[PDB]
Each structure stands twice: as structure tokens, then as C-alpha cells.
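Engineer: This one is final_34.cif, mmCIF, N, CA and C atoms and all ligand atoms.
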data_start
#
loop_
_atom_site.group_PDB
_atom_site.id
_atom_site.type_symbol
_atom_site.label_atom_id
_atom_site.label_comp_id
_atom_site.auth_asym_id
_atom_site.auth_seq_id
_atom_site.Cartn_x
_atom_site.Cartn_y
_atom_site.Cartn_z
ATOM 1 N N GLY A 881 13.155 -18.176 0.548
ATOM 2 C CA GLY A 881 11.968 -18.338 -0.266
ATOM 3 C C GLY A 881 11.209 -17.048 -0.477
ATOM 4 N N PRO A 882 10.716 -16.845 -1.693
ATOM 5 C CA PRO A 882 9.982 -15.618 -2.004
ATOM 6 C C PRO A 882 8.736 -15.474 -1.147
ATOM 7 N N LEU A 883 8.218 -14.250 -1.167
ATOM 8 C CA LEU A 883 7.094 -13.863 -0.325
ATOM 9 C C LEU A 883 6.186 -12.959 -1.125
ATOM 10 N N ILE A 884 4.895 -13.226 -1.105
ATOM 11 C CA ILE A 884 3.902 -12.328 -1.683
ATOM 12 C C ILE A 884 2.992 -11.920 -0.544
ATOM 13 N N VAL A 885 2.890 -10.614 -0.285
ATOM 14 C CA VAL A 885 2.018 -10.070 0.745
ATOM 15 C C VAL A 885 1.323 -8.883 0.082
ATOM 16 N N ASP A 886 0.000 -8.908 -0.061
ATOM 17 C CA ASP A 886 -0.650 -7.842 -0.816
ATOM 18 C C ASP A 886 -2.109 -7.728 -0.416
ATOM 19 N N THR A 887 -2.699 -6.574 -0.715
ATOM 20 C CA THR A 887 -4.129 -6.320 -0.597
ATOM 21 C C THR A 887 -4.742 -6.397 -1.991
ATOM 22 N N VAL A 888 -5.795 -7.183 -2.163
ATOM 23 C CA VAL A 888 -6.347 -7.491 -3.491
ATOM 24 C C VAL A 888 -7.860 -7.509 -3.451
ATOM 25 N N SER A 889 -8.462 -7.321 -4.616
ATOM 26 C CA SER A 889 -9.896 -7.500 -4.745
ATOM 27 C C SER A 889 -10.244 -8.972 -4.900
ATOM 28 N N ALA A 890 -11.307 -9.388 -4.229
ATOM 29 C CA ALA A 890 -11.811 -10.749 -4.394
ATOM 30 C C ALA A 890 -13.271 -10.753 -3.980
ATOM 31 N N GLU A 891 -14.069 -11.579 -4.642
ATOM 32 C CA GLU A 891 -15.481 -11.567 -4.316
ATOM 33 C C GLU A 891 -15.830 -12.436 -3.133
ATOM 34 N N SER A 892 -14.927 -13.305 -2.670
ATOM 35 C CA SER A 892 -15.247 -14.200 -1.574
ATOM 36 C C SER A 892 -13.948 -14.700 -0.953
ATOM 37 N N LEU A 893 -14.071 -15.165 0.290
ATOM 38 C CA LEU A 893 -12.959 -15.837 0.929
ATOM 39 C C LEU A 893 -12.572 -17.114 0.208
ATOM 40 N N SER A 894 -13.543 -17.849 -0.329
ATOM 41 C CA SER A 894 -13.198 -19.082 -1.026
ATOM 42 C C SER A 894 -12.331 -18.814 -2.250
ATOM 43 N N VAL A 895 -12.649 -17.747 -3.020
ATOM 44 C CA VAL A 895 -11.817 -17.365 -4.142
ATOM 45 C C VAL A 895 -10.451 -16.950 -3.652
ATOM 46 N N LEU A 896 -10.378 -16.178 -2.582
ATOM 47 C CA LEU A 896 -9.081 -15.722 -2.067
ATOM 48 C C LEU A 896 -8.179 -16.892 -1.702
ATOM 49 N N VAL A 897 -8.731 -17.872 -0.967
ATOM 50 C CA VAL A 897 -7.980 -19.070 -0.595
ATOM 51 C C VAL A 897 -7.480 -19.797 -1.827
ATOM 52 N N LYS A 898 -8.341 -19.943 -2.818
ATOM 53 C CA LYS A 898 -7.974 -20.654 -4.047
ATOM 54 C C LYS A 898 -6.898 -19.917 -4.836
ATOM 55 N N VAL A 899 -6.936 -18.579 -4.873
ATOM 56 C CA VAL A 899 -5.860 -17.815 -5.520
ATOM 57 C C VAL A 899 -4.547 -18.046 -4.801
ATOM 58 N N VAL A 900 -4.570 -17.961 -3.463
ATOM 59 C CA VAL A 900 -3.357 -18.237 -2.679
ATOM 60 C C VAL A 900 -2.794 -19.617 -2.999
ATOM 61 N N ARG A 901 -3.664 -20.633 -3.060
ATOM 62 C CA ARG A 901 -3.198 -21.996 -3.333
ATOM 63 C C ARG A 901 -2.551 -22.110 -4.705
ATOM 64 N N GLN A 902 -3.150 -21.445 -5.706
ATOM 65 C CA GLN A 902 -2.565 -21.491 -7.040
ATOM 66 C C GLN A 902 -1.227 -20.772 -7.115
ATOM 67 N N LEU A 903 -1.085 -19.637 -6.431
ATOM 68 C CA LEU A 903 0.207 -18.956 -6.430
ATOM 69 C C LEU A 903 1.278 -19.817 -5.786
ATOM 70 N N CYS A 904 0.940 -20.481 -4.664
ATOM 71 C CA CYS A 904 1.913 -21.336 -4.005
ATOM 72 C C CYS A 904 2.293 -22.520 -4.858
ATOM 73 N N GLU A 905 1.341 -23.075 -5.594
ATOM 74 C CA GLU A 905 1.637 -24.223 -6.429
ATOM 75 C C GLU A 905 2.433 -23.840 -7.676
ATOM 76 N N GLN A 906 2.162 -22.660 -8.240
ATOM 77 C CA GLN A 906 2.867 -22.235 -9.441
ATOM 78 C C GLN A 906 4.312 -21.888 -9.127
ATOM 79 N N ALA A 907 4.596 -21.455 -7.905
ATOM 80 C CA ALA A 907 5.969 -21.177 -7.483
ATOM 81 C C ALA A 907 6.121 -21.716 -6.066
ATOM 82 N N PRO A 908 6.522 -22.983 -5.950
ATOM 83 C CA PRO A 908 6.381 -23.705 -4.674
ATOM 84 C C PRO A 908 7.330 -23.246 -3.575
ATOM 85 N N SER A 909 8.343 -22.440 -3.857
ATOM 86 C CA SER A 909 9.120 -21.936 -2.730
ATOM 87 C C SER A 909 8.451 -20.746 -2.049
ATOM 88 N N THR A 910 7.343 -20.249 -2.607
ATOM 89 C CA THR A 910 6.769 -18.987 -2.176
ATOM 90 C C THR A 910 5.804 -19.180 -1.010
ATOM 91 N N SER A 911 5.845 -18.248 -0.050
ATOM 92 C CA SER A 911 4.798 -18.132 0.968
ATOM 93 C C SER A 911 3.950 -16.907 0.628
ATOM 94 N N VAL A 912 2.640 -16.980 0.857
ATOM 95 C CA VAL A 912 1.711 -15.961 0.352
ATOM 96 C C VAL A 912 0.721 -15.598 1.434
ATOM 97 N N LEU A 913 0.487 -14.304 1.629
ATOM 98 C CA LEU A 913 -0.653 -13.850 2.421
ATOM 99 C C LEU A 913 -1.336 -12.743 1.618
ATOM 100 N N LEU A 914 -2.619 -12.909 1.377
ATOM 101 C CA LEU A 914 -3.434 -11.888 0.705
ATOM 102 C C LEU A 914 -4.492 -11.398 1.671
ATOM 103 N N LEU A 915 -4.691 -10.090 1.676
ATOM 104 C CA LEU A 915 -5.777 -9.442 2.389
ATOM 105 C C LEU A 915 -6.747 -8.885 1.360
ATOM 106 N N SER A 916 -8.047 -8.993 1.588
ATOM 107 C CA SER A 916 -9.022 -8.500 0.630
ATOM 108 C C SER A 916 -10.031 -7.631 1.327
ATOM 109 N N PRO A 917 -10.008 -6.328 1.105
ATOM 110 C CA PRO A 917 -11.033 -5.455 1.667
ATOM 111 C C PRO A 917 -12.401 -5.778 1.097
ATOM 112 N N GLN A 918 -13.370 -5.694 1.945
ATOM 113 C CA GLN A 918 -14.758 -5.969 1.638
ATOM 114 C C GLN A 918 -15.613 -4.792 2.124
ATOM 115 N N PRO A 919 -16.902 -4.773 1.860
ATOM 116 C CA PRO A 919 -17.725 -3.678 2.381
ATOM 117 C C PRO A 919 -17.710 -3.562 3.905
ATOM 118 N N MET A 920 -18.047 -2.351 4.370
ATOM 119 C CA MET A 920 -18.257 -2.072 5.794
ATOM 120 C C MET A 920 -16.976 -2.192 6.611
ATOM 121 N N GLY A 921 -15.811 -1.975 5.998
ATOM 122 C CA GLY A 921 -14.552 -2.017 6.703
ATOM 123 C C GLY A 921 -13.986 -3.399 6.933
ATOM 124 N N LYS A 922 -14.670 -4.458 6.479
ATOM 125 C CA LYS A 922 -14.188 -5.812 6.711
ATOM 126 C C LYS A 922 -13.011 -6.108 5.814
ATOM 127 N N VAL A 923 -12.158 -6.971 6.289
ATOM 128 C CA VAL A 923 -11.013 -7.426 5.510
ATOM 129 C C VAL A 923 -10.902 -8.934 5.677
ATOM 130 N N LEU A 924 -10.770 -9.649 4.566
ATOM 131 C CA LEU A 924 -10.556 -11.085 4.594
ATOM 132 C C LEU A 924 -9.072 -11.366 4.496
ATOM 133 N N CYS A 925 -8.619 -12.481 5.047
ATOM 134 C CA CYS A 925 -7.235 -12.900 4.996
ATOM 135 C C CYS A 925 -7.152 -14.348 4.613
ATOM 136 N N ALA A 926 -6.253 -14.666 3.692
ATOM 137 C CA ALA A 926 -5.916 -16.053 3.407
ATOM 138 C C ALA A 926 -4.412 -16.145 3.233
ATOM 139 N N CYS A 927 -3.800 -17.196 3.785
ATOM 140 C CA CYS A 927 -2.372 -17.344 3.649
ATOM 141 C C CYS A 927 -1.982 -18.802 3.573
ATOM 142 N N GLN A 928 -0.760 -19.013 3.100
ATOM 143 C CA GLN A 928 -0.225 -20.353 2.939
ATOM 144 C C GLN A 928 1.278 -20.262 3.022
ATOM 145 N N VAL A 929 1.880 -21.181 3.779
ATOM 146 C CA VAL A 929 3.321 -21.211 3.992
ATOM 147 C C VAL A 929 3.925 -22.264 3.076
ATOM 148 N N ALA A 930 5.020 -21.914 2.408
ATOM 149 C CA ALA A 930 5.699 -22.843 1.521
ATOM 150 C C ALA A 930 6.129 -24.088 2.264
ATOM 151 N N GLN A 931 6.191 -25.252 1.582
ATOM 152 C CA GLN A 931 6.574 -26.499 2.286
ATOM 153 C C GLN A 931 8.028 -26.505 2.750
ATOM 154 N N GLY A 932 8.885 -25.787 2.056
ATOM 155 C CA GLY A 932 10.265 -25.680 2.404
ATOM 156 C C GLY A 932 10.533 -24.740 3.545
ATOM 157 N N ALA A 933 9.545 -24.022 4.080
ATOM 158 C CA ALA A 933 9.837 -22.963 5.055
ATOM 159 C C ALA A 933 10.320 -23.514 6.403
ATOM 160 N N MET A 934 11.025 -22.649 7.154
ATOM 161 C CA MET A 934 11.406 -22.927 8.523
ATOM 162 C C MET A 934 10.215 -23.433 9.332
ATOM 163 N N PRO A 935 10.403 -24.470 10.143
ATOM 164 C CA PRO A 935 9.258 -25.068 10.845
ATOM 165 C C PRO A 935 8.622 -24.152 11.853
ATOM 166 N N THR A 936 9.280 -23.082 12.255
ATOM 167 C CA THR A 936 8.628 -22.163 13.181
ATOM 168 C C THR A 936 7.650 -21.237 12.502
ATOM 169 N N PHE A 937 7.584 -21.268 11.175
ATOM 170 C CA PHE A 937 6.669 -20.416 10.425
ATOM 171 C C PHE A 937 5.410 -21.219 10.118
ATOM 172 N N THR A 938 4.288 -20.865 10.762
ATOM 173 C CA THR A 938 3.036 -21.565 10.499
ATOM 174 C C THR A 938 1.962 -20.596 10.006
ATOM 175 N N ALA A 939 1.106 -21.107 9.145
ATOM 176 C CA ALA A 939 0.095 -20.269 8.532
ATOM 177 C C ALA A 939 -0.898 -19.758 9.561
ATOM 178 N N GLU A 940 -1.327 -20.623 10.495
ATOM 179 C CA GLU A 940 -2.293 -20.170 11.489
ATOM 180 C C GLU A 940 -1.741 -19.004 12.296
ATOM 181 N N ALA A 941 -0.475 -19.101 12.726
ATOM 182 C CA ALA A 941 0.128 -18.039 13.518
ATOM 183 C C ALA A 941 0.264 -16.758 12.707
ATOM 184 N N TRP A 942 0.589 -16.890 11.422
ATOM 185 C CA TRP A 942 0.725 -15.725 10.545
ATOM 186 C C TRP A 942 -0.613 -14.997 10.415
ATOM 187 N N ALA A 943 -1.663 -15.761 10.085
ATOM 188 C CA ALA A 943 -2.988 -15.187 9.941
ATOM 189 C C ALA A 943 -3.458 -14.585 11.251
ATOM 190 N N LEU A 944 -3.164 -15.241 12.362
ATOM 191 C CA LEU A 944 -3.608 -14.699 13.636
ATOM 192 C C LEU A 944 -2.920 -13.382 13.951
ATOM 193 N N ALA A 945 -1.624 -13.283 13.645
ATOM 194 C CA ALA A 945 -0.911 -12.034 13.927
ATOM 195 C C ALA A 945 -1.603 -10.894 13.208
ATOM 196 N N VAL A 946 -1.942 -11.132 11.941
ATOM 197 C CA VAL A 946 -2.531 -10.071 11.153
ATOM 198 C C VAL A 946 -3.978 -9.793 11.573
ATOM 199 N N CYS A 947 -4.774 -10.848 11.698
ATOM 200 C CA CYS A 947 -6.191 -10.652 11.976
ATOM 201 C C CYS A 947 -6.443 -10.157 13.383
ATOM 202 N N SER A 948 -5.663 -10.623 14.356
ATOM 203 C CA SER A 948 -5.790 -10.099 15.703
ATOM 204 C C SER A 948 -5.486 -8.608 15.729
ATOM 205 N N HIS A 949 -4.528 -8.155 14.898
ATOM 206 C CA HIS A 949 -4.322 -6.714 14.826
ATOM 207 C C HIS A 949 -5.559 -5.992 14.315
ATOM 208 N N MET A 950 -6.331 -6.642 13.440
ATOM 209 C CA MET A 950 -7.563 -6.118 12.873
ATOM 210 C C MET A 950 -8.781 -6.443 13.727
ATOM 211 N N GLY A 951 -8.589 -6.766 15.009
ATOM 212 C CA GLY A 951 -9.699 -7.046 15.904
ATOM 213 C C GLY A 951 -10.491 -8.268 15.536
ATOM 214 N N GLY A 952 -9.889 -9.178 14.808
ATOM 215 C CA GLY A 952 -10.590 -10.306 14.250
ATOM 216 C C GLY A 952 -10.075 -11.614 14.755
ATOM 217 N N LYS A 953 -10.259 -12.631 13.937
ATOM 218 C CA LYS A 953 -10.016 -14.016 14.305
ATOM 219 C C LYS A 953 -9.394 -14.710 13.110
ATOM 220 N N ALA A 954 -8.743 -15.833 13.391
ATOM 221 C CA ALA A 954 -8.131 -16.647 12.363
ATOM 222 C C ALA A 954 -8.251 -18.106 12.745
ATOM 223 N N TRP A 955 -8.098 -18.961 11.751
ATOM 224 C CA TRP A 955 -8.267 -20.398 11.892
ATOM 225 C C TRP A 955 -7.489 -21.096 10.790
ATOM 226 N N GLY A 956 -7.109 -22.325 11.053
ATOM 227 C CA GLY A 956 -6.388 -23.055 10.038
ATOM 228 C C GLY A 956 -5.387 -24.010 10.642
ATOM 229 N N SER A 957 -4.395 -24.318 9.830
ATOM 230 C CA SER A 957 -3.399 -25.342 10.093
ATOM 231 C C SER A 957 -2.017 -24.712 10.006
ATOM 232 N N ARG A 958 -0.990 -25.549 10.091
ATOM 233 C CA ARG A 958 0.343 -25.005 9.922
ATOM 234 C C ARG A 958 0.621 -24.599 8.481
ATOM 235 N N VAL A 959 -0.081 -25.184 7.514
ATOM 236 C CA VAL A 959 0.187 -24.948 6.086
ATOM 237 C C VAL A 959 -0.694 -23.854 5.482
ATOM 238 N N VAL A 960 -1.992 -23.847 5.800
ATOM 239 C CA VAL A 960 -2.931 -22.870 5.257
ATOM 240 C C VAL A 960 -3.784 -22.334 6.373
ATOM 241 N N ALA A 961 -4.165 -21.070 6.245
ATOM 242 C CA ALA A 961 -5.042 -20.469 7.245
ATOM 243 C C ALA A 961 -5.796 -19.297 6.649
ATOM 244 N N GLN A 962 -6.871 -18.912 7.343
ATOM 245 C CA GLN A 962 -7.715 -17.803 6.949
ATOM 246 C C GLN A 962 -8.113 -17.004 8.163
ATOM 247 N N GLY A 963 -8.668 -15.822 7.895
ATOM 248 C CA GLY A 963 -9.222 -15.066 9.006
ATOM 249 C C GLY A 963 -9.958 -13.866 8.491
ATOM 250 N N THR A 964 -10.532 -13.121 9.419
ATOM 251 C CA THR A 964 -11.160 -11.875 9.040
ATOM 252 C C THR A 964 -10.898 -10.854 10.135
ATOM 253 N N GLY A 965 -11.128 -9.594 9.789
ATOM 254 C CA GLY A 965 -11.084 -8.509 10.746
ATOM 255 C C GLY A 965 -11.693 -7.291 10.107
ATOM 256 N N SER A 966 -11.498 -6.146 10.749
ATOM 257 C CA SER A 966 -11.972 -4.899 10.173
ATOM 258 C C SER A 966 -10.912 -3.859 10.448
ATOM 259 N N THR A 967 -10.606 -3.042 9.442
ATOM 260 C CA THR A 967 -9.626 -1.998 9.725
ATOM 261 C C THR A 967 -9.717 -0.903 8.689
ATOM 262 N N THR A 968 -9.296 0.282 9.107
ATOM 263 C CA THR A 968 -9.138 1.390 8.195
ATOM 264 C C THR A 968 -7.682 1.554 7.765
ATOM 265 N N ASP A 969 -6.759 0.739 8.293
ATOM 266 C CA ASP A 969 -5.322 0.933 8.082
ATOM 267 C C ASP A 969 -4.713 -0.276 7.385
ATOM 268 N N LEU A 970 -4.856 -0.301 6.060
ATOM 269 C CA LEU A 970 -4.289 -1.402 5.291
ATOM 270 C C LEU A 970 -2.769 -1.397 5.337
ATOM 271 N N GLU A 971 -2.145 -0.230 5.434
ATOM 272 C CA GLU A 971 -0.690 -0.184 5.494
ATOM 273 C C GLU A 971 -0.189 -0.931 6.728
ATOM 274 N N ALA A 972 -0.822 -0.697 7.882
ATOM 275 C CA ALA A 972 -0.422 -1.403 9.103
ATOM 276 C C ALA A 972 -0.631 -2.908 8.970
ATOM 277 N N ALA A 973 -1.763 -3.336 8.400
ATOM 278 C CA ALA A 973 -2.019 -4.773 8.287
ATOM 279 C C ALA A 973 -0.985 -5.448 7.403
ATOM 280 N N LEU A 974 -0.652 -4.806 6.278
ATOM 281 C CA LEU A 974 0.392 -5.313 5.395
ATOM 282 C C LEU A 974 1.743 -5.336 6.075
ATOM 283 N N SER A 975 2.050 -4.308 6.844
ATOM 284 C CA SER A 975 3.334 -4.266 7.530
ATOM 285 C C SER A 975 3.446 -5.389 8.544
ATOM 286 N N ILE A 976 2.382 -5.633 9.314
ATOM 287 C CA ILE A 976 2.437 -6.762 10.250
ATOM 288 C C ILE A 976 2.646 -8.056 9.500
ATOM 289 N N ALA A 977 1.928 -8.239 8.421
ATOM 290 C CA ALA A 977 2.042 -9.494 7.679
ATOM 291 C C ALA A 977 3.453 -9.705 7.138
ATOM 292 N N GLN A 978 4.046 -8.656 6.563
ATOM 293 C CA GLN A 978 5.366 -8.777 5.958
ATOM 294 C C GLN A 978 6.418 -8.958 7.036
ATOM 295 N N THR A 979 6.357 -8.141 8.083
ATOM 296 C CA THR A 979 7.370 -8.248 9.120
ATOM 297 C C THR A 979 7.281 -9.596 9.849
ATOM 298 N N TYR A 980 6.068 -10.101 10.072
ATOM 299 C CA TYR A 980 5.945 -11.406 10.724
ATOM 300 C C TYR A 980 6.613 -12.476 9.864
ATOM 301 N N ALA A 981 6.286 -12.488 8.574
ATOM 302 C CA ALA A 981 6.873 -13.508 7.703
ATOM 303 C C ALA A 981 8.385 -13.407 7.684
ATOM 304 N N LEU A 982 8.936 -12.194 7.515
ATOM 305 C CA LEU A 982 10.394 -12.085 7.462
ATOM 306 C C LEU A 982 11.042 -12.543 8.767
ATOM 307 N N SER A 983 10.353 -12.377 9.900
ATOM 308 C CA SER A 983 10.918 -12.783 11.183
ATOM 309 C C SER A 983 10.906 -14.300 11.357
ATOM 310 N N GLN A 984 10.033 -15.007 10.648
ATOM 311 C CA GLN A 984 9.893 -16.453 10.825
ATOM 312 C C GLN A 984 10.537 -17.272 9.720
ATOM 313 N N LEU A 985 10.885 -16.657 8.599
ATOM 314 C CA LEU A 985 11.476 -17.399 7.493
ATOM 315 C C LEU A 985 12.958 -17.688 7.710
HETATM 316 CA CA CA A 1001 14.034 -25.180 3.781
#
Kindly present the structure from the file in C-alpha cells form.

Structural biologist:
Amino acid sequence: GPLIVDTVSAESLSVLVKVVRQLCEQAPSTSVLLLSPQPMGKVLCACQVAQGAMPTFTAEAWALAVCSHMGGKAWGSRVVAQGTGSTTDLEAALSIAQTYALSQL
């Protein structure tokens, strides 16, 4: 299943979650994690795991892997999750997100 992992502009976590949901619905085999930088070094995270994915791949665990790296927190379910953190290293956050997904798919 395809994978979208990216850093994007968004005005709120609610918008970010809704964008993730629409991407997953428009291409239902896809799993998606978006990170959105915000002021003061904060970064928002929203993700969603495709319904067809391997059962060991859960959204909460994915978000936690990324947000814990960013000194933050995550919450959610096996299907959708969110979190926040702060970081100056978007490349590292993206790499954790992509490598985690590839290891669980
Ligand atoms: Ca499957």
C-alpha cells in the first residue's frame, strides 16, 4: 500500500486531521502521516493507517514514534492518531515516520 509522509502547512490540527482523512478516503490503500510546523518550534502530527494494512501497524504507535522523538506526546486509536512535539530537525522526524511505516507495512 502507498504511503504519504510529508511536512505541510496547516492552520490547525483539526485541518491537518481532516486533510489526512480525505487523502486516505480518496486513495483507500494509502497510509498517511503529515507533520505541520507551527510557531515557536512546535510541530503538529496527524496520521491514519489504511484499512488493508498489516495488523501490527497502528496509527497511535506511528504517531508516538514520531512525536516522542520530538519530545512530545501522541494519542489516538489503531486507525487514526495525532500528536505534537517541538523540533528543529524536520528531516529526522520525517525519516522516523517513513522508516517506522515501512517496517510495519
Ligand atoms: Ca492487506

Engineer: All residues within 8 Å of ligand CA 1001 (chain A) are required, counting all atoms listed in the file; please report them as a ChimeraX atom specification.

Structural biologist: /A:881,931-935

Engineer: Please identify all polymer residues within 6 Å of residue 930 of chain A, counting only N, CA and C atoms, omitting same-chain residues fewer than 4 positions from it, and present them as JSON, numbers by chain.

Structural biologist: {"A": [908, 909, 910, 911, 912]}

Engineer: Could you list, as a list in words, every residue matched by the PyMOL selection byres (((chain A and resi 924) around 6) and not hetatm) in this structure?

Structural biologist: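 When the PyMOL selection byres (((chain A and resi 924) around 6) and not hetatm) is applied to the shown file, the picked residues are residues 914, 915, 916, 917, 918, 922, 923, 925, 926, 963, 964 and 965 of chain A.
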
Engineer: Of the residues A:884, A:893, A:976, A:959, which is the one nearest to residue 937 of chain A, using only N, CA and C atoms?

Structural biologist: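 Closest to residue 937 of chain A, using only N, CA and C atoms: A:959.
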
Engineer: When DSSP works through the backbone of this structure, what residues of chain A end up as strand (DSSP E), shown as a VMD selection string?

Structural biologist: chain A and resid 883 to 887 911 to 917 922 to 928 953 to 956 960 to 966

Engineer: For residue 927 of chain A, which residue out of A:960, A:950, A:895, A:944 is the nearest one, using only C-alpha atoms?

Structural biologist: A:960

Engineer: Spell out the residues picked by the PyMOL selection byres (((chain A and resi 945 and name CA) around 12) and not hetatm and name CA) here, as an MDAnalysis selection string.

Structural biologist: chainID A and resid 913 925 927 937:944 946:955 961:965 972:981

Engineer: Compare A:928, A:898, A:890, A:921 by their minimum atom-to-atom distance to residue 958 of chain A, counting only N, CA and C atoms, and give me the closest one.

Structural biologist: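 Among the listed residues, the smallest separation from residue 958 of chain A belongs to A:928.
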